[PDB]
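Enquirer: partial complex follows, first chain(s) only, in situ:
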Amino acid sequence: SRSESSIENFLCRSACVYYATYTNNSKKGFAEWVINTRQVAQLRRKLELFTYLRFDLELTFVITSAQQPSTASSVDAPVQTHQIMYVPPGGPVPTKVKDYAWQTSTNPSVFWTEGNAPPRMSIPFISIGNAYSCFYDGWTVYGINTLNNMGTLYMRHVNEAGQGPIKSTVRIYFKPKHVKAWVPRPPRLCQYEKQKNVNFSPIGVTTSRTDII
Amino acid sequence: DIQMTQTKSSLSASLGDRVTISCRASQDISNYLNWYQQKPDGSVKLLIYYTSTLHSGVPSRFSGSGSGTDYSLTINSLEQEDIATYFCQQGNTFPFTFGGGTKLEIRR
Amino acid sequence: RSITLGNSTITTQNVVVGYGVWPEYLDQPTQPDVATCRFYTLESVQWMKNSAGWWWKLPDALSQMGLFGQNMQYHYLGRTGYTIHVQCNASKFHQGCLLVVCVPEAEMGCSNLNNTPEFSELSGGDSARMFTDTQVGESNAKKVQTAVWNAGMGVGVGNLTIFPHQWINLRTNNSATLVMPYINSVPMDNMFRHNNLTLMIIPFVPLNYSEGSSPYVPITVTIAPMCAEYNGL
Amino acid sequence: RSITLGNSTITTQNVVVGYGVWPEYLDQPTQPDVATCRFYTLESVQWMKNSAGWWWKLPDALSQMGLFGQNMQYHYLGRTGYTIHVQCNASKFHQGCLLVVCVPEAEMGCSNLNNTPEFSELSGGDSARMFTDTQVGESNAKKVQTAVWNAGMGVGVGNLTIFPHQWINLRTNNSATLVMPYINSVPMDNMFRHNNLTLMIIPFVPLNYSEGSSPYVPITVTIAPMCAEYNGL
């Protein structure tokens, strides 16, 4: 029973890393997630046992809808269709729900109607360097390392609706594939405080007892 | 110190309307704001732990916005249990400074 | 014994080498070897009783050391390995214990939870920055959190033995020797905006002596760059 | 054509080499070659109608020229050869004639018969000192006697063709090339208290042109040290 501690069986799992809502008629409603691994505290602690990682990426989106309270008179809507646009590092970015950056050609989008299998998509290892870097002892602002940049995701409705407001949620699932890890690192003791840096507050080494014997 | 100023300190609105409470800082605090809600019996809880990110267990009637110095809190559907006092607290520099209260009541 | 490099000579009498690999070579880069391969001896730090630790950021300590500090300004990129000799000279009447780790990419934390520490607080030019045995308060804006039991990086200080390290026990040992290769994600990087190594010396068991003995023990660090090459015309 | 040396490149199209020998190599001396072997181009002098001549003391003109002027300060001794390229660019409507000699040990005379000329009057740092067509009076204390018909050394100026030389006749020729070995009585000498070469350019037939042509002809001198070695550790 020695193979469940390999790097493939330790890191290649699924994890809910983001959860956001958006509606159709608010003219402010669309979602946005910059792809990182530093948001949740249980995936960050596992990926920070190593200094340099190199993995492919696989994302799955779970999209549900809910009917908001409309006025009256027999709300009857067809099936809904969503657009999940992926912006590579160094691409145009939408600011409104109706924009020219949704219709561009180098931003690969998926289109998905409700009632089917969820829309999986996969992203290869995109970097100029040869590995990602969990830790960076240097300046770009201290410890940013602009070289590991995976991009941004954007979600919206493509159906125009007038008779009934509809809001929708989305849960993004994160799964590394073909993982390679270098230069191990001790596990983090203090609690995480911020996202970008390694700031902390000092804590005791271990839980204490009443005597040495 | 950064003086968090809420210049209204009293709002009056009926049931079911949209209310907007504004909190203005002294300098740029860079999207580090929190909104708390103090019930009239004395219990305090956290509503929005960023400029616009909702805490888990909070109804979706609350929303926030703003950038730089000016910020806002929006309740589009006022309910009976939403009659409380609201504070803004920055988390940028030392020490932590809270804003003044803002009490809500019904119009007529 | 009596190893010489260029126009410098030190004397020694085991060696722990990196992650099991030796520092080796790779537009077209040039390779200087008469310019860099010599023993740069930093000044000595004094190990007293109430001491806490020291750290050196490694391509920052040799930034004003003669001709290695000139090639950092002239050439843009560069890669290098190191060979570190740490040795403290005490009698058989002193007692103590040191840990000599070499941490790759040791990103440190500020005392205020919202800021990042400034440049003069991470590394002094060829001078040792030192840990403390207390906390730094949050009222200080840009200062490194130097609680020695957390090693400045928010991690347990007993778990620092996963890095290439060596124990110096004054009962039985006197010196340490570390040979570090080039560890980075890119093959060549800028030497001013990245400090890819950090040499820490932390006393686990403190110094003790009786009355009459010398109240200090000096520690001497000697660094020699091995297999360095820069990218330029 | 298009000869390169180090990180410098000039373009050419006969060569007169020394006294028939090529510059070659010999405590122990070191030999730098990537440091010195490059074309140091001095600034251009303007050949007008009422011009008289120019001279350069040769290990003095390259005393502030980059990395050759740094090894003169660091190392005590040294020997070197040279390769001098002189070329003036005029049209087919100008006329004139130059003599390009290279005099070993050209000791010069003062204007006052009892003194010796001072250091700033023999050689300017990478700037041409110039002859005159008149006498310098004896009332001036320490000044070089620069009567051009005596060439500053008390000798006939027509007899200067016994040295390694080359004629530049604007009717048929445009450039000169001289390769000088190391000529001294000791194998290595100090480079601040001895100037063992002197490059003179003397117009025998003066420049003439019609109205409309350019009233100057620039002369460009390019020196490259060949086979240099210094004595040090």
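Expert: Structure received. Numbers count the residues shown, from 1 in each chain, chains lettered A, B, ... in the order given.

Enquirer: what about the residue in chain A that chain B sits nearest to, how many residues nearby?
Expert: Among all residues of chain A, residue A:21 sits closest to chain B, at 7.4 Å; criterion: C-beta to the nearest C-beta. No exception for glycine: its C-beta is placed from N, CA and C like everyone else's. When counting by other C-beta atoms under 10 Å in any protein chain shown, one arrives at 13 neighbours for residue A:21.

Enquirer: what's the neighbour count on the closest residue to it other than its chain neighbours?
Expert: Among residues not flanking residue A:21 along the chain, residue A:169 sits closest, at 5.0 Å (C-beta to C-beta, 6 or more residues apart in numbering or on different chains). By the measure other C-beta under 10 Å, the count of residues near residue A:169 is 14.

Enquirer: next: residue C:17.
Expert: For residue C:17, the neighbour count with other C-beta under 10 Å is 15.

Enquirer: related to what we said a few turns ago, pretty sure the residue nearest to residue A:21 sits in a strand.
Expert: Yes: residue state for residue A:169 (DSSP: H, G, I helix; E, B strand; the rest coil) corresponds to a strand.

Enquirer: residues from chain A in reach of chain C?
Expert: Contact residues, chain A versus chain C (C-beta under 8 Å from any C-beta of the partner chain): A:51-52, A:128-133, A:135-143, A:147, A:183-190, A:193-194, A:197-205.

Enquirer: select only the buried ones of the residues you listed in ChimeraX?
Expert: Listed next is the ChimeraX selection for buried residues among the residues of chain A next to chain C, using 16 or more other C-beta atoms under 10 Å in any protein chain shown:
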select /A:51,52,129,131,132,133,135,136,137,138,139,142,143,147,183,185,186,188,189,190,197,198,199,200,201,202
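
Enquirer: from the residues of chain A next to chain C, which ones fall inside helices?
Expert: Using DSSP state H, no member of the residues of chain A next to chain C falls within helices.

Enquirer: how about the most centrally placed residue in chain C, what does it touch?
Expert: Closest to where the C-alpha atoms of chain C average out (C-alpha atoms, centre = their mean) is residue C:199, at 2.6 Å. Counting by C-beta atoms under 8 Å, 6 or more residues apart in numbering or on different chains, residue C:199 makes contact with C:55-56, C:58, C:84, C:100-103, C:221.

Enquirer: tell me which element it falls in.
Expert: strand C:198-203 (DSSP states H and E).

Enquirer: who does that strand pair up with?
Expert: strand C:54-57 (antiparallel), strand C:97-103 (antiparallel) (DSSP bridges).

Enquirer: add one more, call it chain E:
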Amino acid sequence: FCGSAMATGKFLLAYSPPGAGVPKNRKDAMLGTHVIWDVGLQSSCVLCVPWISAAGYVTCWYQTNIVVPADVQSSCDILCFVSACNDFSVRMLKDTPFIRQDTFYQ
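Expert: Chain E goes in next, on the same frame as the chains above:
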């Protein structure tokens, strides 16, 4: 090093070539040619150097202090020797300036 057997320290042995100046600091003496002499390991250091008729400096610096146990004296001494490494080349014999007489010894 003519000191005790329990004392330990370190010394720099810098050498300035002819033409170069004397170092005024420990740091720029390290940047020249030097030999770090550890007293606790070896008790004798040999330093070969040319000498020809500024001409050089053989300056020496404290690297660390002398660490000593209890009931051992701290003030030590150092002797220095000189010799001829290779064979010299002496020429043109003359008389010595160190001896003269005013009237015949009797």
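
Enquirer: let's see the contacts of residue C:199 again after adding chain E.
Expert: Applying C-beta under 8 Å, 6+ apart, we find residue C:199 in contact with C:55-56, C:58, C:84, C:100-103, C:221.

Enquirer: buried subset of the residues you listed?
Expert: Using 16+ other C-beta under 10 Å as the burial test, the contacts of residue C:199 include C:55-56, C:58, C:84, C:100-103, C:221 as buried.

Enquirer: of the residues you listed, just say which sits nearest to residue A:47.
Expert: Closest to residue A:47 out of the buried ones among the contacts of residue C:199 is residue C:103 (18.3 Å), distances taken as C-beta to C-beta.

Enquirer: look up how far residue C:164 lies from the closest one.
Expert: Shown here: residue C:103 relative to residue C:164, a distance of 9 Å by C-beta to C-beta, to the nearest Å.

Enquirer: neighbours around residue 60, how many?
Expert: With no chain named, the answer covers chain A. By other C-beta under 10 Å, 16 other residues sit near residue A:60.

Enquirer: try again with chain E
Expert: Neighbour count of residue E:60, defined by other C-beta under 10 Å: 17.

Enquirer: other SSEs contacting whichever helix in chain C runs longest?
Expert: Scanning chain C for the helix with the most residues, using DSSP H, yields helix C:68-74. Counting contacts by 3 or more C-beta pairs under 8 Å, 6 or more residues apart in numbering or on different chains; DSSP states H and E, helix C:68-74 packs against no other helix or strand.

Enquirer: what's the closest non-adjacent residue to the residue of chain E found nearest chain D?
Expert: With distances taken as C-beta to the nearest C-beta, chain E approaches chain D most closely at residue E:19, which sits 4.2 Å away. Leaving out its chain neighbours, the residue that sits closest to residue E:19 by C-beta to C-beta, 6+ apart is residue D:76, at 4.2 Å.

Enquirer: contact partners for that neighbour?
Expert: Counting by C-beta under 8 Å, 6+ apart, residue D:76 touches D:190, D:230-232, E:17-19.

Enquirer: where along chain A do the helices fall?
Expert: Taking DSSP H to define them, one finds helices in chain A at A:7-11, A:41-47.

Enquirer: sorry, slip of the keys, the one I care about is chain C.
Expert: With DSSP H as the criterion, chain C has helices spanning C:58-61, C:68-74, C:119-122.

Enquirer: okay, these, which one's buried deepest?
Expert: For the helices of chain C, the largest average neighbour count (mean count of other C-beta atoms under 10 Å in any protein chain shown) is found in helix C:58-61, namely a mean of 22.

Enquirer: hmm, who's touching that helix?
Expert: C:42, C:72, C:80, C:82, C:102, C:123, C:125-126, C:191, C:194-199, C:223.
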